[PDB]
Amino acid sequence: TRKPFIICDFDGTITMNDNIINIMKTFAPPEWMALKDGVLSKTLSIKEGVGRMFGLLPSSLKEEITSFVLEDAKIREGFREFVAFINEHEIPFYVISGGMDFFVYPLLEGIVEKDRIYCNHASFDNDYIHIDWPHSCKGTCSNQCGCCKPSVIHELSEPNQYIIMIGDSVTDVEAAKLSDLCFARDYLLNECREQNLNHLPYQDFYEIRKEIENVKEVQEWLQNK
């Protein structure tokens, strides 16, 4: 049998909204939209665009931003029960995200351990917010992703695993192409349908857990116990 291996995005997938976007709408000058549009058009890399977006913001905003995000962000229904199911079955599980640990960590506290969280780091030691990118592109990726999901997936997975990707962003199509099944919303769902990637839509993680359990290859794997 083939062991399941699950990777899951954070902003817009685990949370209802894109926390980077909401930070920018709330604190950034209008120029942030031009940077966003450059990332969308592929004029700017993710790393370059996101870096420049956070670099609009004075580090003196640390606590207001942190406070804003933790009260703004809402976790999608069923997520806790889903991680409990992962744990119950000892399924490899990783959150791989372009977000910043100053909000990803507190939002996942008591649910996901830090060795399962691959995200970027925002520093507040300079005049303007600075990003460190500890999981950047290696190997065959040279796309300046910032947090390189394909590179992390190749690093962590093993031969013959049944790779399940869960996401929402159109920029995670390369990760979805590596999956045997993609749970997709929003523009990622359109990309999976367009490129004929094996996929399923989802409203919440109750639905995700139910569907995962009844994937043939997952059932086979479980029924060795």
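Residues carry their position along the shown sequence, with the first being 1.
Undergrad: May I ask you to compare 198-206 and 212-220 by their mean CA B factor in the entry and name the higher one?
TA: Comparing 198-206 with 212-220, the higher average CA B-factor belongs to 212-220.
Undergrad: Going by the deposited entry, which of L56, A34, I166, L44 has the highest CA temperature factor?
TA: Among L56, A34, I166, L44, the PDB entry lists the largest C-alpha B-factor for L44.
Undergrad: Using the temperature factors of the C-alpha atoms in this entry, rank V104 within its chain: lowest, middle or highest third.
TA: Answer is highest: the recorded C-alpha B-factor places it there.
Undergrad: So where's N190 on the chain's Cα temperature factor ranking, which third?
TA: Lowest third of the chain for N190's C-alpha B-factor.
Undergrad: Give the position of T140 by CA B-factor within its chain, expressed as the lowest, middle or highest third.
TA: As the PDB entry reports it, the C-alpha B-factor of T140 lands in the middle third of its chain.
Undergrad: Among the modelled residues of its chain, does the C-alpha B-factor of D180 lie in the lowest, middle or highest third?
TA: Lowest third of the chain for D180's C-alpha B-factor.
Undergrad: Which third, lowest, middle or highest, does the C-alpha temperature factor of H89 belong to within its own chain?
TA: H89: CA B-factor falls in the highest third of its chain.
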